[PDB]
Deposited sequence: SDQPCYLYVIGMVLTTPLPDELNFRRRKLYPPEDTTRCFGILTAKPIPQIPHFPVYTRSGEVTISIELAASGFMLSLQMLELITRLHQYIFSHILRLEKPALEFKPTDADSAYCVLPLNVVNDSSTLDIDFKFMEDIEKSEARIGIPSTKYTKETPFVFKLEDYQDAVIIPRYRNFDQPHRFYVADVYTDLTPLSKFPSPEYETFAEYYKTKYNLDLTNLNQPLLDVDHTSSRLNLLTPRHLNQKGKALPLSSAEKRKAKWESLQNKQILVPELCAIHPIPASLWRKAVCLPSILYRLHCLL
């Protein structure tokens, strides 16, 4: 077997988005606030490259590619696991056929010290929300239980539509003053519970849970720099998507945390820069 090189893709939010530019009124998420990040595993050294910006939703992020380890070996089993996850990142999370517009892999702390997050990779592979919508069995006697902690750093998908390609959302807010019995913003339905019952024939087992504000996960491919009728229509679609209020019981939590998802969307730009 040939020896490996491991690089960390360092990310720091060096210029937070100014208020005048925060049109979608998002929270800002510095990548450096969470330890799990991405790295690159290669058989060749990567030539030294200067720091460069990607322009994300939260502002300008400085990217630095730094050597974490070299000269070590990995077993075939681990290389295959890493390979599957690289493919997973581009085919299932970003849904992209051309990663650069050798293997990206997750790194995490073992104690302020970055290494390949094998456990995280294994958890992904075991997740029932790994690809699509996981089965659930909420009944009156075994109802849905809302745990706030599970929604703090979550990406969620609706369990009740778009089965072939689910819409993924960041949880942007937890509305504790709302429940499924809150008033529905349309004269056609009295409550959120009635909407989901009438539209989808969905029953709820928990009428006390808070509701959720969401932010679509969609990102443009090239973030290396900071109009039309069609772009207008798309912008209007994204606005309505972001006005949606969802019911936790009716959604599934994706195994990839929001904090890591926010970093993943930078990957195509970074690989493009490295290759071109």
| query | finding |
| --- | --- |
| Deposited-sequence segments unaccounted for in the coordinates | 1, 103-112, 122-123, 240-250, 301-302 |
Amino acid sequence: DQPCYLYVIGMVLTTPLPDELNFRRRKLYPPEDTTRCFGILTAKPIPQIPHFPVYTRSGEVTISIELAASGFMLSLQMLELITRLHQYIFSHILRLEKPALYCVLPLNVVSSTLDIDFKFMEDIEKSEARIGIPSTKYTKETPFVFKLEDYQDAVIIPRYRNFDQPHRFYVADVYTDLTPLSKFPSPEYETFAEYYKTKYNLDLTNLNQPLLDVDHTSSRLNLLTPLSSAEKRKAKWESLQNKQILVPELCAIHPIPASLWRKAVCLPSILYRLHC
From here on, numbers count along this sequence of modelled residues.
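Rigid core here is just the name for the largest C-alpha set that superposes within 1.5 Å across the two forms.
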query	finding
Segment of greater CA departure in 6 other deposited structures of this protein, 84-92 or 122-130, core superposed	122-130
Between stretches 190-198 and 134-142, more displaced by Cα RMS in 6 other deposited structures of this protein (rigid core superposition)	134-142
Residue 219 coordinate gap across at least a third of other entries	no
Residue 101 dropped from a third or more of the other entries of this protein	yes
Stretch with the greater mean C-alpha B-factor as recorded in the entry, comparing 228-236 against 207-215	228-236
Of 145-153 and 132-140, the one with larger mean CA B-factor	132-140
Top residue by Cα temperature factor, when 27, 36, 57, 44 are compared in the entry	44
Highest recorded Cα temperature factor - choice among 80, 194, 117, 173	80
Position of residue 200 among the chain's modelled residues by C-alpha B-factor, lowest, middle or highest third	middle
CA B-factor placement of residue 160, once the chain's modelled residues are sorted into thirds	lowest
Relative C-alpha B-factor of residue 49, binned into the chain's lowest, middle or highest third	highest
Chain-relative CA temperature factor third for residue 126	highest
Chain thirds of CA B-factor: placement of residue 107	lowest
